[PDB]
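# Notes for the structure review
Take a look at the letters that make up each chain.
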Amino acid sequence: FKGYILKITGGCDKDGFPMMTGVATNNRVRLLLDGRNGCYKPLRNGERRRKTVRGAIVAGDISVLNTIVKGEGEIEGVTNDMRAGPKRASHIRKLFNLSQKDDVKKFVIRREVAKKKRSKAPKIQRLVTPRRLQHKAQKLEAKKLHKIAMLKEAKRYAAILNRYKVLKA
Amino acid sequence: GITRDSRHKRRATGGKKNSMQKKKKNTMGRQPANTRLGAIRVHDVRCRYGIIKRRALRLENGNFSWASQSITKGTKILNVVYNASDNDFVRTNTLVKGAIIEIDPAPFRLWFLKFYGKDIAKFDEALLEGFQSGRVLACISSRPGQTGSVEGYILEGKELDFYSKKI
Amino acid sequence: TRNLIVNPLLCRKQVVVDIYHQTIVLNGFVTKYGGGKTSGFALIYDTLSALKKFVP
Amino acid sequence: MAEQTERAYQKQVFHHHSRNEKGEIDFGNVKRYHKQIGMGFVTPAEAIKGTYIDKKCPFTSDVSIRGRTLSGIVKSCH
RNA sequence: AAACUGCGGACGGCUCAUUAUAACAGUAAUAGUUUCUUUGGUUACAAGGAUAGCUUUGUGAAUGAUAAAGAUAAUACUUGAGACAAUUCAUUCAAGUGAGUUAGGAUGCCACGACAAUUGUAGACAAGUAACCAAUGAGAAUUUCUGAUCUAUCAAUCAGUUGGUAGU
RNA sequence: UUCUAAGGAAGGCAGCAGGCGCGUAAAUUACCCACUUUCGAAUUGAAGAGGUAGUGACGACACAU
């Protein structure tokens, strides 16, 4: 067919060993792998292992190449074409062209349930509910303690101290 | 790794010391970092108990204190002219404690102009020569391989004569 | 019988049963050698809400 | 002058400048630091009048004297 | 449920190969170091990206094997007002303790920089978090004094070895 | 030492049971967290730590004919 342009984004060897993006050889190499570059999922924390991988250069030994932009093995092909949507309110304003002041609950993505009822949507985050100031339910509010309810003590306490330090007779 | 235990040494009687255990992290040492002179380059090293040590690989600037005038200024380091431990530290311009170094007294001169109204370019004679020559003598008093900075002081009367005669 | 411990913290009464021969739990009962006397320890769990709550 | 025989400049652990007759810090001299150790030990006059420099001397440094105390006879002084 | 995050697997359990002042026991010091946990204190009507479990396409005989893409959260990662503390250096005023230019104060400078942009509707009360003091800590770690079996067909041993200065 | 599709891969019983060997010489491939206590986001979950059971003329005590 007409064909488009694509960029290679992954692949696996004939033996299932993946291809590392950084590695620039054709054959297989053994490297000390962490979870940073992906090709090894650690069990403990800070645990490395010497695993075998393939280079980023394509060759005849490759069995499947994810080279999309597909999932094609190598003659064949195969193919990949909103599971949950955003959750933060700030994200809702971005997607539906909503300003800061307008309500977004009217524009929350609602999904129905069809089984032997309910119109479901995520739990919202970061809005304007009166108890959103639970964030200040008080929660904030309760800098009080801090706010001189304690701090003035630290000037109550201080002051009367310099009194019986000055008798000193 | 490098070890600091005394189990690998000999006794005061000269007898060899036999081995019962293996190396342990308690007596672990680390490779020295010879702080040279150049572009700023520091690293953070996790020590024991999680504390962080600032390993200064390379530095150029430093804070130096004038005892007589009771001031401290930041200053660019020019040269290292005397190291009382190893002469190889002089050529490589290695920054360590007690290393007599040469710095440009530009901020100190400017401070003198704004405070007395005069220019330096009683004070000991060799101090004046350093001011006019653009290179004054200072001694590093911090541990750059541990604190990650060069803190020092400008040399003065009795210390200046001793170190100047050494050069 | 024997001694009483009033234990409202565990909502419980406990006695040392001294036999001279659902709220009830009996444990640690053994006779004396040669028959006759039998001893033990009793568990008064009163309300049937502690018994379940405070019972393995 | 006679104690400066090493490659570095020898200073006391606690070196401070004295005040001149006019009542201001005199940077031209350094006070001879000398402390007194504890359980009934007198400081020798050499630690006061003398001009030697030592960073391990119990009388003119920050080395402390702790509980254990013994006695003996000098064997070698080489 | 699974998954991200946090904590733990450095405790407990087994064995006695190594080891001849080494280890261990009593003793004394840390004014020569010091965490974790727990305990007592002290110091903007709320912002930014992407990631797993999730969906989809897969490879390899196979491991507690692994590749791509599409989304989505934070007490995960960051920025940011709320207003000091702790480090290094130089100078200096100095009281408990057997003993300290010592805890501490003052001057100038650098780096660091806060008390979740946190969580229960229910069991304001909670709960959580960062640094810094102190306890836990007669703990851990180094170190002081004294103390070991046989052997002289083992009588001289040691060259970082013993000390000094400067540094690392 | 083990698996393998022959390309490759993990594993360290001086942990509890158990097996081979060695030797004159030494026990069940059991059940449960109920006791003691430890860890954890915690009153609840785990624990071959721990407890109970099986073999046991190593030993110790009382006691038949």
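Conventions adopted
- Residues numbered from 1 in each chain as written, not as in the entry; some residues may be left out.
- Chains lettered and ligands numbered in written order.
- Part of a larger assembly, values for the part shown.
- Heavy atoms only, no water.
- Helix = DSSP H or I, 4+ residues; strand = E, 2+ residues; numbered from the N terminus.
- Rg over C-alpha atoms; globule rule 2.2 N^0.38 Å.
- Buried < 20%, exposed > 50% of the residue type's maximum accessible area, 1.4 Å probe, protein only.
- Areas by Shrake-Rupley, 256 points an atom, 1.4 Å probe, with all protein chains shown as cover.
- Core = buried A, V, L, I, M, F, W, Y, C linked by side-chain atoms within 4.5 Å.
- Contact = heavy atoms within 4.5 Å.
- Buried area = accessible area lost by both parts, 1.4 Å probe.
- Polar contact = N/O pair within 3.5 Å; in protein donor to acceptor, adjacent residues only side chain to side chain.
- Pairing = 2+ DSSP bridges.
- Axes fitted to C-alpha atoms, helices over the stretch in contact; angles between N-to-C directions.
- Near = heavy atom within 4 Å.
- Nonpolar A, V, L, I, M, F, W, Y, C, P; charged D, E, K, R; others polar.
- 1 Å grid on protein atoms, 1.4 Å probe; cavity = no way out; pocket = protein on both sides within 12 Å on 5 of 7 lines; lining within 4 Å.
- Points joined across faces, edges and corners; volume = space filled by probe spheres on them.

In terms of determination method and resolution, the entry is listed under cryo-EM at 3.1 Å.

What follows covers the overall build of chain C. In terms of regular secondary structure, chain C is built from 1 helix and 5 strands. When the helices and strands of chain C are read in sequence order from the N terminus, they spell out β-β-β-β-β-α. Relative to its length of 56 residues, chain C is extended, with a C-alpha radius of gyration of 13 Å against a globular reference of 10 Å. Along the first, second and third principal axes, the C-alpha atoms of chain C reach 40 × 20 × 15 Å. Classification of the 56 residues of chain C by burial places 21% in the buried group. For chain C, the computed accessible surface area is about 4300 Å², with 65% contributed by carbon and sulfur atoms.

This brings us to the nonpolar core. All names here are of chain B. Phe-64, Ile-100 and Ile-101 are the most contacted members of the largest nonpolar core, which has 32 residues in total. For this core, the elements supplying multiple residues, two or more each, are strand 3 (52-59), strand 4 (61-66), strand 5 (71-83), strand 6 (99-103), helix 2 (106-116), helix 3 (125-133), strand 7 (136-140) and helix 5 (157-165). The contact partners of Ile-100, leaving out residues within four places of it in the chain, are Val-80, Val-81, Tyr-82, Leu-137, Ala-138, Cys-139, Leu-155 and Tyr-163.

Counting residues at the interface gives 10 residues for chain B, matched by 7 residues for chain D. Carbon and sulfur atoms make up 55% of the surface buried where chain B meets chain D, a total of about 760 Å² over both sides. Three residues stand out in chain B for area buried against chain D, namely B:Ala84, B:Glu159 and B:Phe162, and they jointly supply 49% of the buried area on that side. Inspection of the chain B/chain D interface yields 3 residue pairs in polar contact. When residues of the side of chain B that touches chain D are assigned to their parent elements, the largest contribution, 4 residues, is made by helix 5 of chain B.

All right, on to the sheet that holds strand 8 (residues 151-154) of chain B then. Backbone hydrogen bonds hold the strands of a sheet together, and the pairing may be parallel or antiparallel. Residues and elements named next belong to chain B. Here we have 5 strands rolled up into a closed barrel, ordered 4-5-6-7-8, and mixed in their pairing. In this sheet, neighbouring strand axes are inclined to one another by 50 degrees on average, regardless of whether the strands run parallel or antiparallel. Bridge count between strand 5 and strand 6: 5 bridges; the pairing is antiparallel. The residue bridging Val-80 from the neighbouring strand is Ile-101, located in strand 6.

Attention shifts here to the arrangement of the chains. The smallest C-alpha distance separating chain A from chain B is 15 Å, and no contact links them. Between chain A and chain C there is no contact, and the shortest C-alpha to C-alpha separation is 34 Å.

Around RNA strand E, the surrounding shell holds 94 residues, and the nearest of these are A:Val78, A:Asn80, D:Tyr33, D:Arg66 and D:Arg68. Between a sugar or linking oxygen of RNA strand E and a main-chain N or O atom of A:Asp15, the distance comes to 2.9 Å. At the level of elements, helix 1 (89-95), helix 2 (145-150) and helix 3 (153-167) of chain A together with strand 4 and strand 8 of chain B are the ones that each hand at least two residues to the surface near RNA strand E. For the surface near RNA strand E, the element with the highest residue contribution is strand 8 of chain B, accounting for 3 residues. By residue class, the composition of the surface near RNA strand E is 28 nonpolar, 36 polar and 30 charged.

Left-over empty space is what a probe sized like a water molecule reveals as it rolls over the atoms. Residue and element names in this part refer to chain B. Approximately 710 Å³ is the volume attributed to the second largest pocket. Contributing to the lining of the second largest pocket are 27 residues, with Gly-29, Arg-30, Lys-53, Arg-55 and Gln-146 lying nearest its centre. Looking at the lining of the second largest pocket, the elements with two or more residues in it are strand 3 and helix 4 (144-147). No other element matches the 3 residues that helix 4 contributes to the lining of the second largest pocket. Of the residues in the lining of the second largest pocket, the class split is 9 nonpolar, 9 polar and 9 charged.

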